[PDB]
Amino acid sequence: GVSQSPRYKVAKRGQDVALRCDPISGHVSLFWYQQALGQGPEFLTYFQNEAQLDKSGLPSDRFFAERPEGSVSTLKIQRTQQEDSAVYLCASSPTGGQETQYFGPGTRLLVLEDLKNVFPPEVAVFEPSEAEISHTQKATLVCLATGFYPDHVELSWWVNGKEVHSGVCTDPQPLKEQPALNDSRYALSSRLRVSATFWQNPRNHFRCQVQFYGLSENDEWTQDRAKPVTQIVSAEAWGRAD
């Protein structure tokens, strides 16, 4: 399928941004789309091989698209502004227009005045209730990812070194910790439900992983607290017989 990088990006107003797209091999047609919150993808630019046939959808001349070898494509945004904040999607079609479109996962770009309020999450696991176990014969583990900014995270549950999706459910949207603040930090919760016998086994390892997208090594940082870099923050627990 079509791949895109980075998955998320936080940028400071005035700095340049580069969005990458790797489409399906042999696909002649390449599209770039902008997607705003609660809306459909809007056309930006069109390519057939290396030739840019149309760029009528680009919001500013600060936006520049390229596909030099007719394969990989880049969408570059010079002197980024807050209005550039959106999901950028790229798509490919095998032999031309008016065909089935194959999309990439997109780049979620957020442009801020500065990066002073960027924070990684704090991850904590909460062990199941003995009351739940006795009443349902099921055990729910809860993970809380707190104090992160911006809302650029990926939560996953890992049972005995393997990522699990069964019995897992994470909030579709995080909540604002300080609703009065315009740059409010976020909190996100997830649940993992296992059978009582599975949680009672002390050989079982449960891990809540949160991938956070923040600053890179290229970014300057002179503040007392640690640089809010792109990082993995985890919280673990082992089975409890009790």
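Just count from 1 along the sequence shown to find any residue number.
Remark: stretch with higher mean C-alpha B factor among 165 to 173 and 93 to 101 is 165 to 173.
Note on 193 to 201 vs 50 to 58: mean CA B-factor is higher in 193 to 201. The entry lists C-alpha B-factors for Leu30, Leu181, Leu44, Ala65, and the highest of these is at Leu181. Out of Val118, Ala131, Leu112, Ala124, it is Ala131 whose C-alpha atom has the highest B-factor in the PDB entry. Among all modelled residues in this chain, the alpha-carbon of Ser71 has a temperature factor (C-alpha) in the lowest third. Sort the chain's modelled residues by C-alpha temperature factor and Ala36 lands in the lowest third, per the entry. Per the PDB record, residue ranking by Cα B-factor puts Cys143 in the middle third of the chain.
For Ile77, the recorded CA B-factor ranks within the middle third of the chain. Only modelled residues enter the ranking. When the modelled residues of the chain are ordered by C-alpha B-factor, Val153 sits in the middle third.
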